[PDB]
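> The structure under discussion is supplied below as structure tokens; questions concerning it will follow.
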Amino acid sequence: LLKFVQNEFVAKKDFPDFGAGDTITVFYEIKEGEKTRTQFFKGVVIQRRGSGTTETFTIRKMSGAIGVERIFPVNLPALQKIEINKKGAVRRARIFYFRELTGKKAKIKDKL
Amino acid sequence: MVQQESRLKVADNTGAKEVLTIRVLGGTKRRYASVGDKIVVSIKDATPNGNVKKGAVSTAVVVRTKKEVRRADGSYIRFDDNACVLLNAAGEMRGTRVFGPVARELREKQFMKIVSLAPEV
Amino acid sequence: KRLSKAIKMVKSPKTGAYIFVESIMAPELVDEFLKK
Amino acid sequence: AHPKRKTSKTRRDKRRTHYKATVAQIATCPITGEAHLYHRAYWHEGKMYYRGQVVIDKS
Amino acid sequence: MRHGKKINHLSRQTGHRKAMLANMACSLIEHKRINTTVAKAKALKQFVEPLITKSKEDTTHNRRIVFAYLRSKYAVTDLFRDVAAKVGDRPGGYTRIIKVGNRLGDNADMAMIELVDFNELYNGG
Amino acid sequence: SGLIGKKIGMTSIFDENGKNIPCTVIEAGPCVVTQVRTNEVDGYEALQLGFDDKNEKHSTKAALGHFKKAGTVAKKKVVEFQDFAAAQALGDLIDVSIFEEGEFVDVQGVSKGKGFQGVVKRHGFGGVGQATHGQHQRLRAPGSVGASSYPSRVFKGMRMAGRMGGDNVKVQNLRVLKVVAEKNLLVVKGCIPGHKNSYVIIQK
RNA sequence: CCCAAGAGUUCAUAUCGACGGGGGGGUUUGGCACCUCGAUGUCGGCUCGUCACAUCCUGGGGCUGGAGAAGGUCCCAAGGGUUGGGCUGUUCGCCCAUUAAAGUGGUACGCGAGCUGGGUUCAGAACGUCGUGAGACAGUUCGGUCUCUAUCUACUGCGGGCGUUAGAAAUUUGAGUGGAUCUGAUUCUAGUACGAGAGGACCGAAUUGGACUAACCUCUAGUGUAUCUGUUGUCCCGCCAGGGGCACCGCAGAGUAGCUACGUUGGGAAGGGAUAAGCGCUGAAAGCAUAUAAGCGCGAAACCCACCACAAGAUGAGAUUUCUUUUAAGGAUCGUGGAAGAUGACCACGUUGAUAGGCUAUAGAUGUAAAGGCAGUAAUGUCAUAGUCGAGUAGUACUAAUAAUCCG
RNA sequence: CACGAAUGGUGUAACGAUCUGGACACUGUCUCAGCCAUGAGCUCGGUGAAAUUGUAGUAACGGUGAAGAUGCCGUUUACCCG
RNA sequence: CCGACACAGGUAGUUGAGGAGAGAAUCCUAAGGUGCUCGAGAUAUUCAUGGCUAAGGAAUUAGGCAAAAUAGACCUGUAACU
RNA sequence: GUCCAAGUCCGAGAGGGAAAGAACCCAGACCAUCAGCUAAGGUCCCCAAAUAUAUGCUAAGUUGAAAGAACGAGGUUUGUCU
Numbered sequence: 004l005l006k007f008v009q010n011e012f013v014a015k016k017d018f019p020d021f022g023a024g025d026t027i028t029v030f031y032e033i034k035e036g037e038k039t040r041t042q043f044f045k046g047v048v049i050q051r052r053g054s055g056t057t058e059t060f061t062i063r064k065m066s067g068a069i070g071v072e073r074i075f076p077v078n079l080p081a082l083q084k085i086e087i088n089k090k091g092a093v094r095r096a097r098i099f100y101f102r103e104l105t106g107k108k109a110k111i112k113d114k115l
Numbered sequence: 001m002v003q004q005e006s007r008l009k010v011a012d013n014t015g016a017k018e019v020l021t022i023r024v025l026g027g028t029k030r031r032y033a034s035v036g037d038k039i040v041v042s043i044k045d046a047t048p049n050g051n052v053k054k055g056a057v058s059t060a061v062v063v064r065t066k067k068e069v070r071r072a073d074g075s076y077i078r079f080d081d082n083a084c085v086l087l088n089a090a091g092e093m094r095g096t097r098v099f100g101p102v103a104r105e106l107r108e109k110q111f112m113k114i115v116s117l118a119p120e121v
Numbered sequence: 014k015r016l017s018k019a020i021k022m023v024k025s026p027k028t029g030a031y032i033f034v035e036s037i038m039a040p041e042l043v044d045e046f047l048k049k
Numbered sequence: 002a003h004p005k006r007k008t009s010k011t012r013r014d015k016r017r018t019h020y021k022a023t024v025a026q027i028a029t030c031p032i033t034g035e036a037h038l039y040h041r042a043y044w045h046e047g048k049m050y051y052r053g054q055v056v057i058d059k060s
Numbered sequence: 001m002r003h004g005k006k007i008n009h010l011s012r013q014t015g016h017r018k019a020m021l022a023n024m025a026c027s028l029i030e031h032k033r034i035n036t037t038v039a040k041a042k043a044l045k046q047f048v049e050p051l052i053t054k055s056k057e058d059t060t061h062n063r064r065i066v067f068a069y070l071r072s073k074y075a076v077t078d079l080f081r082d083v084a085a086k087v088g089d090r091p092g093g094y095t096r097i098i099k100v101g102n103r104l105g106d107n108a109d110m111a112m113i114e115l116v117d118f119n120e121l122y123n124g125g
Numbered sequence: 002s003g004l005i006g007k008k009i010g011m012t013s014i015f016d017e018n019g020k021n022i023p024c025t026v027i028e029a030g031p032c033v034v035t036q037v038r039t040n041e042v043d044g045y046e047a048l049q050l051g052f053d054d055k056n057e058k059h060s061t062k063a064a065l066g067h068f069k070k071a072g073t074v075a076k077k078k079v080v081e082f083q084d085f086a087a088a089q090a091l092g093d094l095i096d097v098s099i100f101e102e103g104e105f106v107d108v109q110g111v112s113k114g115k116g117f118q119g120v121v122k123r124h125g126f127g128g129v130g131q132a133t134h135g136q137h138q139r140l141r142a143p144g145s146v147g148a149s150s151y152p153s154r155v156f157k158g159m160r161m162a163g164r165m166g167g168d169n170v171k172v173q174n175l176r177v178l179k180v181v182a183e184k185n186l187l188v189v190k191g192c193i194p195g196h197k198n199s200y201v202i203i204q205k
């Protein structure tokens, strides 16, 4: 059964609950010339797309003046200790307008 | 995905701002060039002081693409602009600085000179 | 490492002469291709 | 395009062999004896019988 | 290719189709049995089953939800007053479809789409 | 050296050393040997395998009598395999155990039918010209179908529009990943022709 | 192709070869005027291909003024491949950047009942020149209607009838036919052999790409006139609240199933036989010599197998297992549907039934419904991760799949 | 070769559904096509033409021939009807 | 009425409303008049009229042909040349 | 191909042969006949008649229809001189 394969051949993670609008930091395990080191990516979660064991989430940051977006599958054997700084306060499921939008005013709305 | 007649932004202190793609090297009828692929370009801006002239023909590598590119581990990278870095007559970069981040796929192709002086990789 | 070409002769039944059958194999696997 | 030769009464008769009609699937109900189409209802006398029972009684 | 399109356009626009499906439901509610074609009846069944299902609980929200579909207070009140009281606690399938032959103008297969709880003479088997 | 399965779905797992791998689940249930064709009465060595049992209502008397000479009863899918590995007689069962972890298989399946398709979607022809530079009604036309008076005929094999449909296709050495035997799983890597819940022939 | 004065440091034939001669092909310009003027539509380009080898690349060799690598020339070989732009209506041609290569030609200078009309030969106007003039130019420029519902045959697909020697339900052998045959870069062998140095391999073994093609929708991406939400104008539901109609689906933000590529996976792998150019063994005719006359060993992407698909209407109509031996086995009509499909056909089910819908739950889409309370002067926010949908999945006969008939 | 001064010569602001060359924005014009809606088309019920037509049970190759063959010669292929 | 037709053509003048609007434009409606004298299934190929397309942005073509893009009111500002 | 001269044939001409050819070879059709002899050309089968006889050549499927070169060669049979 497909449901029997999914929850048995993919190691589930223990990451907190986040969605669109949240600001997170993801620590992955970048490999190199026979030495692996952790690297952090801090950005706003744009969308979370998927059903289970194959779902991904997209996170966007601004490395100076150039925007960088990255898509991570949640059940990656390299993701470690996702941290959450801000939280939500949006009105959409996929905040796609946040990609074609920059400046000081369109950063994020705070959640009360 | 950059092909012929595509305008790119040159990301280094060589003395150019905008460039135009002429050819995608690497075989017959090659369609596109993602990050790490070599292309032939023609300078079109040529900043006043500069080290290159407007109208010259050179070779470059695609550093940042706007098209989401997939890795082996299942992740994706997607920048916000199509950028390139010029190359010497041989397999070497001309210049000493690189503006903005680069892609990690530029490391598996022995572009250590380009990857060892960028802000982020 | 390095391979080893083993050329062994045999009495072909299609004619009756001595043909030649070579094959690239391991330097330590030529003993099992010459006994057959 | 235009036909080059007049279609003979043999070539036009060998073609009208699948142009035949199709006899309907007629059934009979062992209640009132009236014939009807299979899997269809029918009006016998101010009523509508379907499967031995009565659906409408407009008598 | 329509490998999964479970909806019949009935040779009508997206507005005309919904208008006709909302106009046939009011008729099927005010008269407990109407005579249509086969495809239109099969579409009206799938359009009217969830409405009668929602009608089994008289709330101010469900009334407005059913009104957004029927677009006629005369059918809303007649669906919530006696149709819901006569349906009772049926698991499902509040309507039946019976073919009654063919038409004459265009030779279309007809049907007699009816409510199950309002016909006391027919059972089926 | 051969089995029958049913395509369940498709998902993606991660290898033990990083990279993601797409995979397809094949509920390769226990097949039963129905008839062993020898080289003395037929003329070649092979054996039939039946996969999914039927009822006593849909089955034929001929099929009932044919499967009564065996163990389990009339099957939904019966297919004849050849060149097995272990000599086995009638009534034997092969569940999943014929495959290993890391081997290659040659899954064969019936594709899904597209119906009557034009030349552009069937063979890959491209247009007749542009879309606005005088183009009148040949945006998806085949073009020409031959030359002038020589040969004055359309050559046999001309690629034209017809029912694309779904035929039998082999997938040419998909790699096996999981061979779980308790629940018949046979998780292989790659795609498989056909819709879900479709029968497939897994040749080892 | 024949002869060879020479040129090639000396040496005619590594390479070129004058003065002369003998032929093959019918792709150029011609000669003839043999079928068509009660019409054989003419250049260029697009789509679609197919054929020859007089071979551009890949494949196998001989010679060399071949140390190696790069070359020159000749022989065998048609399986696959043979790029994108600037100028010009262009064919052609020049140029720019790549590639292993950017082949030569035929098919009415292939293809206009397949497309365009940019050029050329229609009517308007102007320039240069000729003619007194009307007018003309292998001189130039701007504009200028491309008709037809496929009868026969030829192709691509799908069915009905009958026959295979009694009839059915399945699984198959194969007489044959069709499809795919591409190739780069890097590493080790090895800076080894060779070479004074520079430079730099044969053979063999791995890694990873480009183009093409088939399948699939797990990921990315597009659509998604099922679905959800926000908002504008006006009309309607008696009024407020809340909704509905129309305005390109009114517009805007998403989107499951499905269909696709821009995505994922796989393939062109390996192994035989007879060979072409060519390389040898033994050996005479012809006491020697000689790969050949007898007999043997190698030898290419060419051919026959091999890989994939179809295939007994293969009338030469095959074989096996089981059932029934004439209203028997069984098939069909009709109905519920499809992952099947133009219509036939195909597949599952038809009450001793889970085939479709409904219902109960849920994967999931959208994003916090309506009514009411609280805060403010109000617009609004909160209690309130809720409402609506659920093209998918599972369980339940509530609804529809008859209690007919036909062939055998 | 072979402009030329009222069959006017040289310029010219504004104007032109005029002709020609170039730049920005923009886009399916294209790389390279993909998805969706209605009408036509497809099946069924009703009415119902026309152009065209010597008779036809109307194959392929090589060749001959008024010099480019469905009908001629030799070989090959092809169950009947849509 | 004039066009052979119960024909997507032509036919002088007068009245010709509301909301937003300068407007008789434009969208929805008044009074009033119509649903256009063949329909039903199904949701192939293909054509006609439309909608949306990731990256590139004329690389297409004889030619930016066709589509897309700017479009309202109020302010700031506005070159060579003449 | 074209323009003359000496003949024949087609034109205006059937029949037989070269596989099919207006002219090439034989041969000038008053009818009817299930009679015989011959011309060109042939006698293994398609397709009438020799798998007939005597002598020699060819090893190339040359050839069995028509039609080929300059220039090579230690293929073979045969005559003379030497």
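Residue numbers (the entry's author numbering), protein chains in the order written: chain P, 4 to 115; chain K, 1 to 121; chain 4, 14 to 49; chain b, 2 to 60; chain N, 1 to 125; chain C, 2 to 205.
Every residue, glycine too, gets a C-beta built ideally from N, C-alpha and C.
Can you tell me whether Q9 (chain P) is buried or exposed, with buried defined as 16 or more other CB within 10 angstroms of its CB?
Buried: at least 16 other Cβ atoms inside 10 Å.
> I need the DSSP call for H37 (chain b), collapsed to helix, strand or coil.
In the structure shown, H37 (chain b) sits in a strand (DSSP, three-state: E or B).
> Under 9 Å Cβ-Cβ, which residues of chain C neighbour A103 (chain K)?
Under the 9 Å cutoff, chain C gives no residues; its nearest Cβ is about 18 Å from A103 (chain K).
> Between the beta-carbon of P40 (chain 4) and the beta-carbon of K21 (chain 4), is there less than 9 Å?
No, Cβ-Cβ distance for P40 (chain 4) and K21 (chain 4) is not below 9 Å.
> Check the C-beta distance from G195 (chain C) over to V201 (chain C) and give it rounded, since I have them as a contact under 8 Å.
At roughly 7 Å, the Cβ-Cβ gap stays under 8 Å, so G195 (chain C) and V201 (chain C) are in contact.
> Please list the partners that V71 (chain P) has in chain K, where partner means a Cβ-to-Cβ separation under 7 Å.
The answer, in chain order, is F79, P101.
> Give the DSSP-derived three-state secondary structure of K171 (chain C) in the structure shown.
Three-state result, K171 (chain C): strand.
> The alpha helix (DSSP H) spanning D78 (chain N) covers which residue range?
Element bounds for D78 (chain N): 73–78.
> Is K34 (chain P) close to chain C? Criterion is C-beta to C-beta, closer than 9 Å.
It does; some Cβ of chain C falls within 9 Å.
> Let me know the secondary structure DSSP gives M112 (chain K) once reduced to three states.
Residue state, collapsed to three classes: helix.
> Specify the secondary structure class of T47 (chain K) as computed by DSSP and reduced to three states.
Three-state DSSP puts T47 (chain K) in coil, outside helix and strand.
> Within 10 Å of its beta-carbon, does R64 (chain K) have 16 or more other beta-carbons around it, so buried, or fewer, so exposed?
When all chains shown are included, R64 (chain K) counts as buried.
> By Cβ distance, which residues of its chain are closer than 7 Å to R97 (chain K), with the 5 residues on each side in sequence left out?
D12, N13, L117.
> Can you tell me where the alpha helix (DSSP H) with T53 (chain N) in it begins and where it stops?
38–54 is the extent of the alpha helix (DSSP H) around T53 (chain N).
> Which value, in whole angstroms, describes the spacing of the CA atoms of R52 (chain b) and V80 (chain C)?
The alpha-carbon atoms of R52 (chain b) and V80 (chain C) are separated by roughly 44 Å.
> Let me check understanding here. Comparing Cα to Cα, which of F99 (chain K), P119 (chain K), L87 (chain K) lies closest to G36 (chain K)?
Of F99 (chain K), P119 (chain K), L87 (chain K), the residue nearest in Cα terms is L87 (chain K).
> Under 7 Å, CB to CB, which of the residues in the segment 28–48 of chain b have a partner in chain N?
Taking 7 Å as the Cβ-Cβ cut-off against chain N, the residues of the segment 28–48 of chain b that qualify are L38, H40, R41, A42.
> Given a cut-off of 9 Å on the beta-carbon distance, is the pair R7 (chain K) and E18 (chain K) in contact?
Yes, they are a contact pair.
> If you drop the 5 nearest sequence neighbours on each side, which residues of the same chain put their C-beta closer than 7 Å to that of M159 (chain C)?
Excluding positions up to five away in sequence, the list reads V146.
> From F99 (chain P) to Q50 (chain P), what distance separates their C-alpha atoms?
Near 8 Å, if we compare the C-alpha coordinates of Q50 (chain P) and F99 (chain P).
> Ordered along the chain, which non-local residues of its own chain (more than five positions away) have a Cβ less than 8 Å from that of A182 (chain C)?
Counting only Cβ-Cβ distances below 8 Å, and skipping sequence neighbours, we find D96, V97, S98.
> Counting only Cβ-Cβ distances shorter than 8 Å, please list the residues of the segment 6–23 of chain C near chain K, keeping chain order.
Result list: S13, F15, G19, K20, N21.
> Can you pull the chain C residues whose beta carbon is under 9 Å from the beta carbon of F101 (chain P), in chain order?
The contacting residues do not exist; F101 (chain P) stays about 27 Å from chain C at best.
> Alpha carbon to alpha carbon, how far is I69 (chain P) from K110 (chain P)?
C-alpha separation (whole angstroms): 15 Å.
> By alpha-carbon positions, which one of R102 (chain P), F44 (chain P), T26 (chain P) ends up nearest to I33 (chain P)?
The shortest C-alpha separation from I33 (chain P) is found at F44 (chain P).
> Alpha carbon to alpha carbon, what distance is there between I29 (chain N) and residue 139 (chain N)?
Not covered by the structure: residue 139 (chain N). The range shown for chain N is 1 to 125.
> When the distance is taken between beta carbons, is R2 (chain N) closer than 9 Å to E114 (chain N)?
Cβ distance not < 9 Å, so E114 (chain N) and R2 (chain N) don't count as in contact.
> Can you confirm whether the segment 113–121 of chain C touches the segment 49–60 of chain C when touching is taken to mean that 3 or more C-beta pairs between the two stretches lie within less than 8 Å?
In short, these stretches do not touch, since the Cβ pair count stays below three.
> Could you tell me the boundaries of the alpha helix (DSSP H) in which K10 (chain b) lies?
Premise fails: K10 (chain b) is in no alpha helix (DSSP H) and is neither H nor E.
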